[PDB]
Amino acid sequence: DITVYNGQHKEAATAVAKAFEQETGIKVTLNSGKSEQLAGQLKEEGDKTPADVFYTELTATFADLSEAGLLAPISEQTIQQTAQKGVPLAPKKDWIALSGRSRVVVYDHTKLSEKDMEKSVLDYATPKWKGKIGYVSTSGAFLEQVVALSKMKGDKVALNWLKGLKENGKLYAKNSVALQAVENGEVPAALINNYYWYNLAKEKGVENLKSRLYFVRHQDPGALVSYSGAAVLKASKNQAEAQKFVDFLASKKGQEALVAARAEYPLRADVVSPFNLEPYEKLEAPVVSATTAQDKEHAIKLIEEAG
């Protein structure tokens, strides 16, 4: 049996854990919490950690653990199961990206078409969109978007975009609230994550939704994908089973279990999501270095500077 520190959505973790237990008979105990807290705890616990695997919604969480020498090598063959072009790879082969979530533009298709959409996410923060673009400044993925803009286009462009959103955007407290605002005709478009829309479409039926998604693609900063993944702890005294679990997460069966439970993009190219997601390769995500704590502090300062 194994213990998995779980930073991922609990529905996803419970689903892959159940599928693993059903496939192998090896029991999984989830210790679910915030990834940044769990990462800190793994570092503090060091050689004495009871964690066999760390399963997270953000692979950036692994960088500090890897550099601290706390992660075990995983099989090159396993890593290759999800190593599509664009997918982040552990330089030390000590973690694996498994799935992703995408930034997206959601829009009211009864007011707008794709003709009204923009080439770049940068262009939504302009006077055309005054009173007409929803954004969620307190959102984690929004912050990742700001980090990506700074990295890809520089701070001035990132700050200009944020100032553009202050001037032109409508602020929403959460992504769910922004999605509902678009559905309800309050605002014609909003910047959110893919999974909110696909979840609503699955529950209510797309025929009953006024909103649709627009993907900028073309490696635009707005095509940003955030990657979930897993790593085995070096300190684990149950390497064989921990490696078996990570191998399972990258397997067709494990990926199928994940995508049935959560509207993330699988990184195997022989698994199809029941949520009706496009293939990961079609997204044309940009390649962006992992977010560090320093990146986040810098992005937070830009948000504050923009008002």
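Quick note: we count residues from 1 along the sequence shown, nothing fancier.
Mean CA temperature factor is higher for 107-115 when stretches 88-96 and 107-115 are set side by side in the entry. Between the stretches 201-209 and 223-231, it is 201-209 that shows the larger average CA temperature factor. Listed residues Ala290, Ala12, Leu283, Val287 were ranked by CA B-factor as deposited; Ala12 comes out on top. Take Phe248, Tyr265, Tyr55, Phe275 and read off each C-alpha B-factor from the entry; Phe275 has the highest. Ranked by C-alpha B-factor against the other modelled residues of its chain, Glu241 falls in the lowest third. Annotation for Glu144: C-alpha temperature factor in the lowest third relative to the rest of the modelled chain, per the entry.
The entry lists a Cα temperature factor for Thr138 that places it in the middle third of the chain's modelled residues. The entry lists a Cα temperature factor for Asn193 that places it in the lowest third of the chain's modelled residues. For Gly185, the recorded CA B-factor ranks within the highest third of the chain. Only modelled residues enter the ranking.
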